[PDB]
>>> print(open('coords.cif').read())   # mmCIF, C-alpha atoms and all ligand atoms
data_query
#
loop_
_atom_site.group_PDB
_atom_site.id
_atom_site.type_symbol
_atom_site.label_atom_id
_atom_site.label_comp_id
_atom_site.auth_asym_id
_atom_site.auth_seq_id
_atom_site.Cartn_x
_atom_site.Cartn_y
_atom_site.Cartn_z
ATOM 1 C CA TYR A 392 163.244 -115.223 -30.160
ATOM 2 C CA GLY A 393 159.841 -115.619 -31.771
ATOM 3 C CA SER A 394 157.897 -112.804 -33.469
ATOM 4 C CA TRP A 395 155.612 -112.177 -30.457
ATOM 5 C CA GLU A 396 158.211 -112.971 -27.762
ATOM 6 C CA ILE A 397 159.044 -110.173 -25.307
ATOM 7 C CA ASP A 398 162.362 -110.020 -23.449
ATOM 8 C CA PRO A 399 161.548 -110.149 -19.676
ATOM 9 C CA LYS A 400 164.393 -107.613 -19.120
ATOM 10 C CA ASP A 401 162.304 -105.041 -21.078
ATOM 11 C CA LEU A 402 159.533 -105.418 -18.427
ATOM 12 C CA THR A 403 159.371 -103.840 -14.942
ATOM 13 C CA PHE A 404 156.736 -104.846 -12.338
ATOM 14 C CA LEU A 405 155.331 -101.819 -10.461
ATOM 15 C CA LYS A 406 151.817 -102.465 -9.043
ATOM 16 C CA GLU A 407 149.570 -105.401 -8.107
ATOM 17 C CA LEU A 408 146.317 -105.571 -10.120
ATOM 18 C CA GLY A 409 145.031 -108.687 -8.302
ATOM 19 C CA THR A 410 144.449 -112.311 -9.242
ATOM 20 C CA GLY A 411 142.730 -112.774 -12.621
ATOM 21 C CA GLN A 412 141.269 -115.857 -14.289
ATOM 22 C CA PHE A 413 144.094 -118.413 -14.791
ATOM 23 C CA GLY A 414 146.836 -116.173 -13.260
ATOM 24 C CA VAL A 415 148.248 -113.301 -11.178
ATOM 25 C CA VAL A 416 148.148 -109.883 -12.888
ATOM 26 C CA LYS A 417 150.612 -107.000 -12.447
ATOM 27 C CA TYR A 418 150.823 -103.468 -13.845
ATOM 28 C CA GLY A 419 154.177 -102.405 -15.304
ATOM 29 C CA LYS A 420 156.157 -100.713 -18.066
ATOM 30 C CA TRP A 421 157.418 -102.333 -21.286
ATOM 31 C CA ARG A 422 160.747 -100.863 -22.501
ATOM 32 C CA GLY A 423 160.239 -98.140 -19.839
ATOM 33 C CA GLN A 424 157.777 -96.378 -22.181
ATOM 34 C CA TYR A 425 154.444 -98.217 -22.608
ATOM 35 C CA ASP A 426 151.881 -98.974 -19.886
ATOM 36 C CA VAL A 427 151.221 -102.725 -19.861
ATOM 37 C CA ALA A 428 149.426 -105.372 -17.825
ATOM 38 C CA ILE A 429 151.178 -108.738 -17.371
ATOM 39 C CA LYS A 430 149.277 -111.943 -16.598
ATOM 40 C CA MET A 431 151.513 -114.732 -15.319
ATOM 41 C CA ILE A 432 150.113 -118.127 -16.344
ATOM 42 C CA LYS A 433 150.226 -120.214 -13.170
ATOM 43 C CA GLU A 434 152.780 -123.001 -13.600
ATOM 44 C CA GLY A 435 151.258 -126.416 -14.391
ATOM 45 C CA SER A 436 147.697 -125.024 -14.779
ATOM 46 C CA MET A 437 147.916 -125.344 -18.568
ATOM 47 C CA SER A 438 148.995 -127.878 -21.129
ATOM 48 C CA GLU A 439 152.058 -125.808 -22.111
ATOM 49 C CA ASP A 440 152.883 -127.517 -25.456
ATOM 50 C CA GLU A 441 149.369 -126.999 -26.881
ATOM 51 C CA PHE A 442 148.971 -123.663 -25.068
ATOM 52 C CA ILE A 443 152.127 -122.132 -26.611
ATOM 53 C CA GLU A 444 151.065 -123.152 -30.158
ATOM 54 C CA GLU A 445 147.504 -121.813 -29.768
ATOM 55 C CA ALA A 446 148.873 -118.546 -28.338
ATOM 56 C CA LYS A 447 150.604 -117.856 -31.705
ATOM 57 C CA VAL A 448 147.201 -117.834 -33.471
ATOM 58 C CA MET A 449 145.772 -115.823 -30.551
ATOM 59 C CA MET A 450 148.531 -113.200 -30.888
ATOM 60 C CA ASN A 451 147.836 -112.745 -34.639
ATOM 61 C CA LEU A 452 144.225 -111.683 -33.891
ATOM 62 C CA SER A 453 143.919 -107.907 -34.368
ATOM 63 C CA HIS A 454 140.849 -105.800 -33.529
ATOM 64 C CA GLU A 455 140.011 -102.495 -31.769
ATOM 65 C CA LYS A 456 137.491 -104.181 -29.409
ATOM 66 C CA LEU A 457 139.824 -107.104 -28.560
ATOM 67 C CA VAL A 458 142.285 -106.410 -25.724
ATOM 68 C CA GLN A 459 145.588 -105.599 -27.445
ATOM 69 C CA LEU A 460 148.150 -108.381 -27.005
ATOM 70 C CA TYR A 461 151.676 -106.874 -27.040
ATOM 71 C CA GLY A 462 153.614 -110.093 -26.551
ATOM 72 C CA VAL A 463 154.420 -113.274 -24.663
ATOM 73 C CA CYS A 464 157.238 -114.648 -22.480
ATOM 74 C CA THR A 465 157.315 -118.390 -23.241
ATOM 75 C CA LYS A 466 161.045 -119.161 -22.624
ATOM 76 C CA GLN A 467 160.606 -119.140 -18.793
ATOM 77 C CA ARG A 468 158.068 -119.925 -16.036
ATOM 78 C CA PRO A 469 155.523 -118.709 -15.257
ATOM 79 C CA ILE A 470 154.620 -117.815 -18.855
ATOM 80 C CA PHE A 471 153.797 -114.105 -19.243
ATOM 81 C CA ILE A 472 151.014 -112.743 -21.408
ATOM 82 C CA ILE A 473 151.585 -109.017 -21.917
ATOM 83 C CA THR A 474 148.660 -106.772 -22.881
ATOM 84 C CA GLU A 475 147.580 -103.149 -22.902
ATOM 85 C CA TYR A 476 146.586 -101.762 -19.506
ATOM 86 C CA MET A 477 142.802 -101.263 -19.249
ATOM 87 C CA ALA A 478 142.461 -98.538 -16.596
ATOM 88 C CA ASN A 479 138.762 -99.190 -15.736
ATOM 89 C CA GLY A 480 139.337 -102.922 -15.058
ATOM 90 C CA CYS A 481 136.761 -105.688 -15.524
ATOM 91 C CA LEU A 482 133.298 -104.829 -16.876
ATOM 92 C CA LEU A 483 131.481 -106.649 -14.032
ATOM 93 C CA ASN A 484 132.977 -104.269 -11.467
ATOM 94 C CA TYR A 485 132.483 -101.277 -13.787
ATOM 95 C CA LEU A 486 128.768 -102.191 -14.006
ATOM 96 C CA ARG A 487 128.279 -102.883 -10.261
ATOM 97 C CA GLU A 488 129.940 -99.630 -9.071
ATOM 98 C CA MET A 489 126.999 -97.490 -7.843
ATOM 99 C CA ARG A 490 128.847 -94.153 -8.361
ATOM 100 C CA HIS A 491 128.414 -94.993 -12.060
ATOM 101 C CA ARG A 492 124.820 -94.070 -12.936
ATOM 102 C CA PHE A 493 124.451 -95.414 -16.452
ATOM 103 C CA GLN A 494 122.058 -94.449 -19.210
ATOM 104 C CA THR A 495 120.713 -97.235 -21.467
ATOM 105 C CA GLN A 496 122.564 -95.583 -24.413
ATOM 106 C CA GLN A 497 125.830 -96.398 -22.615
ATOM 107 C CA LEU A 498 124.653 -99.958 -21.849
ATOM 108 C CA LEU A 499 123.809 -100.533 -25.552
ATOM 109 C CA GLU A 500 127.228 -99.107 -26.562
ATOM 110 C CA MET A 501 128.872 -101.761 -24.327
ATOM 111 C CA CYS A 502 126.898 -104.461 -26.178
ATOM 112 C CA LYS A 503 127.973 -103.057 -29.588
ATOM 113 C CA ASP A 504 131.649 -102.972 -28.537
ATOM 114 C CA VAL A 505 131.618 -106.650 -27.536
ATOM 115 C CA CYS A 506 129.462 -107.666 -30.532
ATOM 116 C CA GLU A 507 132.063 -106.101 -32.869
ATOM 117 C CA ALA A 508 134.865 -108.042 -31.124
ATOM 118 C CA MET A 509 132.823 -111.259 -31.255
ATOM 119 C CA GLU A 510 131.906 -110.710 -34.945
ATOM 120 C CA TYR A 511 135.651 -110.508 -35.622
ATOM 121 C CA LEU A 512 136.408 -113.677 -33.601
ATOM 122 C CA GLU A 513 133.588 -115.435 -35.494
ATOM 123 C CA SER A 514 135.090 -114.354 -38.857
ATOM 124 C CA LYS A 515 138.397 -115.969 -37.738
ATOM 125 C CA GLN A 516 136.596 -119.140 -36.478
ATOM 126 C CA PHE A 517 138.161 -118.496 -33.055
ATOM 127 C CA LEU A 518 135.911 -119.411 -30.117
ATOM 128 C CA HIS A 519 136.046 -117.449 -26.836
ATOM 129 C CA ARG A 520 134.519 -120.353 -24.793
ATOM 130 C CA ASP A 521 133.974 -118.259 -21.600
ATOM 131 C CA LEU A 522 132.464 -114.895 -22.575
ATOM 132 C CA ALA A 523 131.218 -112.978 -19.547
ATOM 133 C CA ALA A 524 131.248 -109.554 -17.882
ATOM 134 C CA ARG A 525 134.029 -110.712 -15.508
ATOM 135 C CA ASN A 526 136.220 -111.432 -18.566
ATOM 136 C CA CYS A 527 135.539 -108.167 -20.477
ATOM 137 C CA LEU A 528 137.801 -105.171 -19.788
ATOM 138 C CA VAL A 529 137.156 -101.409 -19.879
ATOM 139 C CA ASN A 530 139.757 -98.752 -20.829
ATOM 140 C CA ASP A 531 140.080 -95.127 -19.625
ATOM 141 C CA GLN A 532 137.672 -93.979 -22.415
ATOM 142 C CA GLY A 533 134.855 -96.359 -21.321
ATOM 143 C CA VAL A 534 135.311 -98.628 -24.361
ATOM 144 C CA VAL A 535 134.655 -102.282 -23.527
ATOM 145 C CA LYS A 536 136.966 -104.937 -24.997
ATOM 146 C CA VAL A 537 136.949 -108.726 -24.981
ATOM 147 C CA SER A 538 139.692 -110.563 -23.061
ATOM 148 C CA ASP A 539 140.799 -114.055 -21.876
ATOM 149 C CA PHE A 540 139.561 -115.394 -25.246
ATOM 150 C CA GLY A 541 140.365 -119.056 -25.970
ATOM 151 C CA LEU A 542 142.210 -119.254 -22.632
ATOM 152 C CA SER A 543 140.012 -122.002 -21.123
ATOM 153 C CA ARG A 544 140.932 -124.331 -24.060
ATOM 154 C CA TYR A 545 143.882 -125.992 -22.280
ATOM 155 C CA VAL A 546 143.218 -125.570 -18.545
ATOM 156 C CA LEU A 547 144.390 -128.860 -17.008
ATOM 157 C CA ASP A 548 142.057 -128.901 -13.982
ATOM 158 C CA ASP A 549 138.881 -130.757 -15.048
ATOM 159 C CA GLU A 550 136.778 -128.636 -12.626
ATOM 160 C CA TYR A 551 137.138 -125.665 -15.064
ATOM 161 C CA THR A 552 136.757 -127.500 -18.414
ATOM 162 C CA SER A 553 134.083 -130.156 -17.735
ATOM 163 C CA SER A 554 130.454 -129.028 -18.223
ATOM 164 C CA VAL A 555 129.631 -130.740 -14.871
ATOM 165 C CA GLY A 556 132.707 -129.168 -13.158
ATOM 166 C CA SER A 557 132.571 -127.062 -9.980
ATOM 167 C CA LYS A 558 134.307 -124.022 -11.576
ATOM 168 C CA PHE A 559 132.590 -124.314 -15.003
ATOM 169 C CA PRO A 560 130.587 -121.271 -16.250
ATOM 170 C CA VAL A 561 127.123 -122.893 -16.101
ATOM 171 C CA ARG A 562 125.156 -119.602 -16.039
ATOM 172 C CA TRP A 563 126.655 -118.474 -19.395
ATOM 173 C CA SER A 564 126.213 -121.876 -21.134
ATOM 174 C CA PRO A 565 123.549 -123.279 -23.508
ATOM 175 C CA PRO A 566 121.808 -126.717 -23.100
ATOM 176 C CA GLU A 567 124.082 -128.458 -25.656
ATOM 177 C CA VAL A 568 127.186 -127.478 -23.623
ATOM 178 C CA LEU A 569 125.736 -128.478 -20.231
ATOM 179 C CA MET A 570 124.327 -131.812 -21.470
ATOM 180 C CA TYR A 571 126.688 -132.705 -24.354
ATOM 181 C CA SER A 572 129.898 -130.558 -23.995
ATOM 182 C CA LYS A 573 129.218 -129.225 -27.525
ATOM 183 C CA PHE A 574 131.054 -125.908 -28.044
ATOM 184 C CA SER A 575 130.633 -123.898 -31.267
ATOM 185 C CA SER A 576 130.121 -120.349 -32.584
ATOM 186 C CA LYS A 577 126.534 -120.721 -31.284
ATOM 187 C CA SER A 578 127.706 -121.397 -27.694
ATOM 188 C CA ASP A 579 129.521 -118.030 -27.900
ATOM 189 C CA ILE A 580 126.241 -116.512 -29.187
ATOM 190 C CA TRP A 581 124.372 -117.875 -26.125
ATOM 191 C CA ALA A 582 127.006 -116.468 -23.741
ATOM 192 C CA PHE A 583 126.855 -113.029 -25.421
ATOM 193 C CA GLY A 584 123.091 -113.065 -24.791
ATOM 194 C CA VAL A 585 123.739 -113.658 -21.073
ATOM 195 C CA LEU A 586 126.376 -110.886 -21.169
ATOM 196 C CA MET A 587 123.734 -108.507 -22.594
ATOM 197 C CA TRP A 588 121.545 -109.482 -19.614
ATOM 198 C CA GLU A 589 124.459 -108.836 -17.210
ATOM 199 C CA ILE A 590 125.014 -105.385 -18.748
ATOM 200 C CA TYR A 591 121.323 -104.382 -18.679
ATOM 201 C CA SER A 592 121.002 -105.827 -15.126
ATOM 202 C CA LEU A 593 123.978 -103.625 -14.038
ATOM 203 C CA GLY A 594 126.186 -106.625 -13.190
ATOM 204 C CA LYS A 595 123.636 -108.879 -11.446
ATOM 205 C CA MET A 596 124.459 -112.607 -11.371
ATOM 206 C CA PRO A 597 122.369 -114.609 -13.874
ATOM 207 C CA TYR A 598 119.882 -116.997 -12.175
ATOM 208 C CA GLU A 599 121.075 -115.722 -8.766
ATOM 209 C CA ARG A 600 118.389 -117.579 -6.746
ATOM 210 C CA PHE A 601 119.692 -120.940 -8.041
ATOM 211 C CA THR A 602 123.006 -122.682 -7.415
ATOM 212 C CA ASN A 603 125.154 -123.848 -10.361
ATOM 213 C CA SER A 604 123.781 -127.422 -10.384
ATOM 214 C CA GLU A 605 120.213 -126.093 -9.971
ATOM 215 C CA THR A 606 120.799 -123.623 -12.839
ATOM 216 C CA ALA A 607 122.267 -126.395 -15.044
ATOM 217 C CA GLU A 608 119.124 -128.465 -14.416
ATOM 218 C CA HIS A 609 116.774 -125.553 -15.210
ATOM 219 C CA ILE A 610 118.574 -124.425 -18.445
ATOM 220 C CA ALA A 611 118.402 -127.933 -19.960
ATOM 221 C CA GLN A 612 114.691 -128.032 -19.022
ATOM 222 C CA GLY A 613 113.885 -124.696 -20.791
ATOM 223 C CA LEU A 614 114.537 -121.851 -18.297
ATOM 224 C CA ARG A 615 115.509 -118.522 -19.894
ATOM 225 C CA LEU A 616 116.511 -115.229 -18.266
ATOM 226 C CA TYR A 617 113.704 -112.723 -17.640
ATOM 227 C CA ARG A 618 113.669 -109.173 -19.038
ATOM 228 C CA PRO A 619 115.715 -106.688 -16.949
ATOM 229 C CA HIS A 620 113.950 -103.435 -15.927
ATOM 230 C CA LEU A 621 116.281 -101.245 -18.040
ATOM 231 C CA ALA A 622 115.913 -103.449 -21.154
ATOM 232 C CA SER A 623 113.244 -102.374 -23.652
ATOM 233 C CA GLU A 624 111.230 -104.999 -25.565
ATOM 234 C CA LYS A 625 113.485 -104.562 -28.623
ATOM 235 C CA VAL A 626 116.703 -104.967 -26.583
ATOM 236 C CA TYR A 627 115.220 -108.010 -24.808
ATOM 237 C CA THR A 628 114.345 -109.552 -28.211
ATOM 238 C CA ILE A 629 118.027 -109.299 -29.249
ATOM 239 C CA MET A 630 119.425 -111.031 -26.137
ATOM 240 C CA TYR A 631 116.536 -113.552 -26.212
ATOM 241 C CA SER A 632 117.305 -114.492 -29.856
ATOM 242 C CA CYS A 633 120.709 -115.735 -28.598
ATOM 243 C CA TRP A 634 118.969 -118.398 -26.439
ATOM 244 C CA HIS A 635 117.161 -120.609 -29.001
ATOM 245 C CA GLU A 636 117.227 -124.263 -27.840
ATOM 246 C CA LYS A 637 118.257 -125.294 -31.364
ATOM 247 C CA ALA A 638 121.784 -123.900 -31.896
ATOM 248 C CA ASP A 639 121.403 -123.456 -35.692
ATOM 249 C CA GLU A 640 118.373 -121.130 -35.194
ATOM 250 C CA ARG A 641 120.485 -118.627 -33.187
ATOM 251 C CA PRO A 642 121.796 -115.610 -35.110
ATOM 252 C CA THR A 643 125.375 -114.845 -36.061
ATOM 253 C CA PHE A 644 127.416 -112.029 -34.500
ATOM 254 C CA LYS A 645 127.028 -110.128 -37.797
ATOM 255 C CA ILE A 646 123.219 -110.259 -37.482
ATOM 256 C CA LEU A 647 123.352 -109.266 -33.780
ATOM 257 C CA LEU A 648 125.505 -106.240 -34.658
ATOM 258 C CA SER A 649 122.928 -105.198 -37.283
ATOM 259 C CA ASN A 650 120.143 -105.611 -34.693
ATOM 260 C CA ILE A 651 121.997 -103.459 -32.120
ATOM 261 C CA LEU A 652 122.717 -100.710 -34.696
ATOM 262 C CA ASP A 653 119.020 -100.629 -35.704
ATOM 263 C CA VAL A 654 118.003 -100.126 -32.055
ATOM 264 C CA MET A 655 120.774 -97.484 -31.624
ATOM 265 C CA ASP A 656 119.306 -95.460 -34.529
ATOM 266 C CA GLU A 657 115.691 -95.607 -33.252
ATOM 267 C CA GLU A 658 116.821 -95.057 -29.635
ATOM 268 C CA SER A 659 118.234 -91.624 -30.619
HETATM 269 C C1 LIG B 701 137.145 -108.004 -12.092
HETATM 270 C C2 LIG B 701 138.387 -107.348 -11.485
HETATM 271 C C3 LIG B 701 138.040 -106.171 -10.674
HETATM 272 N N1 LIG B 701 137.763 -105.249 -10.032
HETATM 273 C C4 LIG B 701 139.425 -106.968 -12.522
HETATM 274 O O1 LIG B 701 139.495 -105.805 -12.907
HETATM 275 N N2 LIG B 701 140.351 -107.872 -12.880
HETATM 276 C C5 LIG B 701 140.820 -108.985 -12.045
HETATM 277 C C6 LIG B 701 142.293 -108.736 -11.757
HETATM 278 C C7 LIG B 701 143.091 -108.601 -13.047
HETATM 279 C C8 LIG B 701 142.488 -107.488 -13.897
HETATM 280 N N3 LIG B 701 143.135 -107.316 -15.218
HETATM 281 N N4 LIG B 701 143.426 -108.465 -15.955
HETATM 282 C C9 LIG B 701 143.982 -108.057 -17.118
HETATM 283 C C10 LIG B 701 144.418 -108.950 -18.099
HETATM 284 C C11 LIG B 701 143.488 -109.825 -18.652
HETATM 285 C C12 LIG B 701 143.885 -110.810 -19.558
HETATM 286 C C13 LIG B 701 145.229 -110.931 -19.922
HETATM 287 O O2 LIG B 701 145.665 -111.889 -20.806
HETATM 288 C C14 LIG B 701 145.006 -112.247 -21.961
HETATM 289 C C15 LIG B 701 144.994 -113.593 -22.327
HETATM 290 C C16 LIG B 701 144.335 -114.000 -23.491
HETATM 291 C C17 LIG B 701 143.689 -113.068 -24.298
HETATM 292 C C18 LIG B 701 143.702 -111.727 -23.938
HETATM 293 C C19 LIG B 701 144.360 -111.307 -22.778
HETATM 294 C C20 LIG B 701 146.161 -110.058 -19.365
HETATM 295 C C21 LIG B 701 145.761 -109.082 -18.453
HETATM 296 F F1 LIG B 701 146.689 -108.259 -17.947
HETATM 297 C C22 LIG B 701 144.012 -106.652 -17.109
HETATM 298 C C23 LIG B 701 144.446 -105.647 -17.992
HETATM 299 N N5 LIG B 701 144.995 -105.902 -19.206
HETATM 300 N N6 LIG B 701 144.319 -104.345 -17.627
HETATM 301 C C24 LIG B 701 143.782 -103.994 -16.442
HETATM 302 N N7 LIG B 701 143.356 -104.919 -15.574
HETATM 303 C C25 LIG B 701 143.462 -106.232 -15.892
HETATM 304 C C26 LIG B 701 141.022 -107.821 -14.177
HETATM 305 C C27 LIG B 701 136.361 -108.968 -11.170
HETATM 306 C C28 LIG B 701 135.224 -109.609 -11.973
HETATM 307 C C29 LIG B 701 135.674 -108.176 -10.045
HETATM 308 N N8 LIG B 701 137.218 -110.083 -10.653
HETATM 309 C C30 LIG B 701 137.013 -110.583 -9.270
HETATM 310 C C31 LIG B 701 138.157 -111.474 -8.774
HETATM 311 N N9 LIG B 701 138.464 -112.422 -9.836
HETATM 312 C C32 LIG B 701 139.391 -113.475 -9.425
HETATM 313 C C33 LIG B 701 138.845 -114.437 -8.382
HETATM 314 O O3 LIG B 701 138.848 -115.500 -9.343
HETATM 315 C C34 LIG B 701 139.343 -114.658 -10.389
HETATM 316 C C35 LIG B 701 138.933 -111.769 -11.049
HETATM 317 C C36 LIG B 701 137.700 -111.091 -11.621
#
>>> encode(input="coords.cif", output="structure tokens")
Amino acid sequence: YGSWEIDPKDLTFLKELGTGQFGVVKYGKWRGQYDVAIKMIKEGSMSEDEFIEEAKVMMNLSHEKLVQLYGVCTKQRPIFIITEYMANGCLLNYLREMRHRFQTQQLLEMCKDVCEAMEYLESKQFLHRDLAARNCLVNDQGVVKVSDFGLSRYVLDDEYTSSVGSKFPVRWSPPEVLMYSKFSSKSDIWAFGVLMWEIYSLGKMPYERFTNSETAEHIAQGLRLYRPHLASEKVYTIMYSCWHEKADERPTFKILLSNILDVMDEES
């Protein structure tokens, strides 16, 4: 039909995985052989014309630390987005689960995994726009991968897209996004910094004592996240470097990967 198009007849819905961001998610089999997860893009939530075209570029993205996109179902409604099944679910839950007693080595490995994915997205000039622990997925092997990337681009409800919106990710946003709606590679850098904080805080909510509007106010005025207990000074420096007020002074994802690998070597 199209190169990435999947025939819905090749799919079979088996289990409920819950409601995800921008759609219902189900576990199933593709061609009765491969384990897949299917996100059904809620009808009318997206600007379908633009969304279908941008999905083609999205599908061409290929990386080990990006959630593997098998195909799409764009000829019917709701639109399906078919991906690999990530058995350990969302990273936020994986972090919060108290039966998991993490070592900092494992927490730094999670940061590397995402930083590799984000370095790749940066090399393709493809912005995530909503990087967080709730968005990241974990497979059966404990490898973290990035997911829902670029998916906020064409959400029709202004409460999700507007910097002053009620469902906007204020706590993962830099001052230039909150004040001026200015997204770039450096807004992804800021968010990754907050994600590092989330990881090292074992899934704690950033700026938890403040509401979203209170947080928005305090970020613009110079508030930055404190050092988590599990974060060493060197790890804190890395996540803190992501939060320069001036966007151009923030590092690239290449530089952040180099910083993480340096710490990894000394950490051993
Ligand atoms: C996280 C959940 C928990 N516990 C959690 O695990 N998940 C929420 C339910 C759906 C789960 N899930 N989603 C996918 C999946 C993601 C993305 C896509 O499509 C795209 C689109 C663009 C680029 C890449 C991928 C398809 C999918 F199928 C899963 C996969 N692949 N495997 C396994 N599980 C998947 C994720 C938390 C943070 C606790 N949770 C709380 C409730 N939240 C809803 C309330 O508002 C949202 C969801 C987030």
>>> closest_atom_pairs(input="coords.cif", of="chain A", to="ligand LIG 701 (chain B)", cutoff="8 Å", atoms="only C-alpha atoms and all ligand atoms", output="tab-separated table")
residue	atom	partner	partner_atom	distance
A:408	CA	B:LIG701	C7	5.3
A:409	CA	B:LIG701	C6	4.4
A:410	CA	B:LIG701	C6	4.9
A:411	CA	B:LIG701	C6	4.2
A:412	CA	B:LIG701	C34	4.5
A:413	CA	B:LIG701	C34	7.5
A:415	CA	B:LIG701	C7	7.2
A:416	CA	B:LIG701	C7	5.2
A:417	CA	B:LIG701	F1	6.9
A:418	CA	B:LIG701	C24	7.5
A:427	CA	B:LIG701	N5	7.0
A:428	CA	B:LIG701	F1	4.0
A:429	CA	B:LIG701	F1	4.6
A:430	CA	B:LIG701	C20	4.6
A:449	CA	B:LIG701	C17	7.1
A:457	CA	B:LIG701	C18	7.6
A:458	CA	B:LIG701	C18	5.8
A:459	CA	B:LIG701	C18	7.3
A:460	CA	B:LIG701	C18	6.4
A:472	CA	B:LIG701	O2	5.5
A:473	CA	B:LIG701	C20	6.1
A:474	CA	B:LIG701	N5	5.3
A:475	CA	B:LIG701	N5	5.3
A:476	CA	B:LIG701	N6	3.9
A:477	CA	B:LIG701	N6	3.8
A:478	CA	B:LIG701	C24	5.6
A:479	CA	B:LIG701	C24	7.0
A:480	CA	B:LIG701	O1	3.6
A:481	CA	B:LIG701	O1	3.8
A:482	CA	B:LIG701	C1	6.9
A:483	CA	B:LIG701	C28	5.2
A:484	CA	B:LIG701	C29	5.0
A:485	CA	B:LIG701	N1	7.6
A:524	CA	B:LIG701	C28	7.1
A:525	CA	B:LIG701	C28	3.9
A:526	CA	B:LIG701	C28	6.9
A:528	CA	B:LIG701	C23	6.9
A:529	CA	B:LIG701	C24	7.9
A:530	CA	B:LIG701	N6	7.9
A:537	CA	B:LIG701	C18	7.5
A:538	CA	B:LIG701	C18	4.3
A:539	CA	B:LIG701	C16	3.9
A:540	CA	B:LIG701	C17	4.8
A:541	CA	B:LIG701	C16	6.9
A:542	CA	B:LIG701	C16	5.7
>>> write_last_selection(input="coords.cif", atoms="C-alpha atoms", output="PDB file, in the frame of the given file")
ATOM      1  CA  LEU A 408     146.317-105.571 -10.120  1.00  0.00           C
ATOM      2  CA  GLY A 409     145.031-108.687  -8.302  1.00  0.00           C
ATOM      3  CA  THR A 410     144.449-112.311  -9.242  1.00  0.00           C
ATOM      4  CA  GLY A 411     142.730-112.774 -12.621  1.00  0.00           C
ATOM      5  CA  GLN A 412     141.269-115.857 -14.289  1.00  0.00           C
ATOM      6  CA  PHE A 413     144.094-118.413 -14.791  1.00  0.00           C
ATOM      7  CA  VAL A 415     148.248-113.301 -11.178  1.00  0.00           C
ATOM      8  CA  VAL A 416     148.148-109.883 -12.888  1.00  0.00           C
ATOM      9  CA  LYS A 417     150.612-107.000 -12.447  1.00  0.00           C
ATOM     10  CA  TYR A 418     150.823-103.468 -13.845  1.00  0.00           C
ATOM     11  CA  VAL A 427     151.221-102.725 -19.861  1.00  0.00           C
ATOM     12  CA  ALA A 428     149.426-105.372 -17.825  1.00  0.00           C
ATOM     13  CA  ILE A 429     151.178-108.738 -17.371  1.00  0.00           C
ATOM     14  CA  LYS A 430     149.277-111.943 -16.598  1.00  0.00           C
ATOM     15  CA  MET A 449     145.772-115.823 -30.551  1.00  0.00           C
ATOM     16  CA  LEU A 457     139.824-107.104 -28.560  1.00  0.00           C
ATOM     17  CA  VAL A 458     142.285-106.410 -25.724  1.00  0.00           C
ATOM     18  CA  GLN A 459     145.588-105.599 -27.445  1.00  0.00           C
ATOM     19  CA  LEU A 460     148.150-108.381 -27.005  1.00  0.00           C
ATOM     20  CA  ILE A 472     151.014-112.743 -21.408  1.00  0.00           C
ATOM     21  CA  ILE A 473     151.585-109.017 -21.917  1.00  0.00           C
ATOM     22  CA  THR A 474     148.660-106.772 -22.881  1.00  0.00           C
ATOM     23  CA  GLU A 475     147.580-103.149 -22.902  1.00  0.00           C
ATOM     24  CA  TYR A 476     146.586-101.762 -19.506  1.00  0.00           C
ATOM     25  CA  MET A 477     142.802-101.263 -19.249  1.00  0.00           C
ATOM     26  CA  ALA A 478     142.461 -98.538 -16.596  1.00  0.00           C
ATOM     27  CA  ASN A 479     138.762 -99.190 -15.736  1.00  0.00           C
ATOM     28  CA  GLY A 480     139.337-102.922 -15.058  1.00  0.00           C
ATOM     29  CA  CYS A 481     136.761-105.688 -15.524  1.00  0.00           C
ATOM     30  CA  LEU A 482     133.298-104.829 -16.876  1.00  0.00           C
ATOM     31  CA  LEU A 483     131.481-106.649 -14.032  1.00  0.00           C
ATOM     32  CA  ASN A 484     132.977-104.269 -11.467  1.00  0.00           C
ATOM     33  CA  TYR A 485     132.483-101.277 -13.787  1.00  0.00           C
ATOM     34  CA  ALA A 524     131.248-109.554 -17.882  1.00  0.00           C
ATOM     35  CA  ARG A 525     134.029-110.712 -15.508  1.00  0.00           C
ATOM     36  CA  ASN A 526     136.220-111.432 -18.566  1.00  0.00           C
ATOM     37  CA  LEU A 528     137.801-105.171 -19.788  1.00  0.00           C
ATOM     38  CA  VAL A 529     137.156-101.409 -19.879  1.00  0.00           C
ATOM     39  CA  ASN A 530     139.757 -98.752 -20.829  1.00  0.00           C
ATOM     40  CA  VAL A 537     136.949-108.726 -24.981  1.00  0.00           C
ATOM     41  CA  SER A 538     139.692-110.563 -23.061  1.00  0.00           C
ATOM     42  CA  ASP A 539     140.799-114.055 -21.876  1.00  0.00           C
ATOM     43  CA  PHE A 540     139.561-115.394 -25.246  1.00  0.00           C
ATOM     44  CA  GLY A 541     140.365-119.056 -25.970  1.00  0.00           C
ATOM     45  CA  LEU A 542     142.210-119.254 -22.632  1.00  0.00           C
TER      46      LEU A 542
END
>>> closest_residue(input="coords.cif", among="A:588, A:644, A:551, A:634", to="residue 503 in chain A", atoms="all atoms listed in the file")
A:644
>>> atom_distance(input="coords.cif", atom1="CA of residue 544 in chain A", atom2="CA of residue 520 in chain A")
7.6 Å
>>> resolve_selection(input="coords.cif", expression="the PyMOL selection byres (((chain A and resi 562) around 10) and not hetatm)", output="list in words")
residues 523, 559, 560, 561, 563, 564, 565, 569, 582, 585, 596, 597, 598, 599, 601, 602, 603, 604, 606, 607, 610 and 616 of chain A
>>> closest_residue(input="coords.cif", among="A:575, A:424, A:639, A:566", to="residue 615 in chain A", atoms="only C-alpha atoms")
A:566
>>> residues_around(input="coords.cif", residues="residue 486 in chain A", least_positions_apart="5", cutoff="9 Å", atoms="only C-alpha atoms", output="VMD selection string")
chain A and resid 481 491 493 524 589 to 590 592 to 595
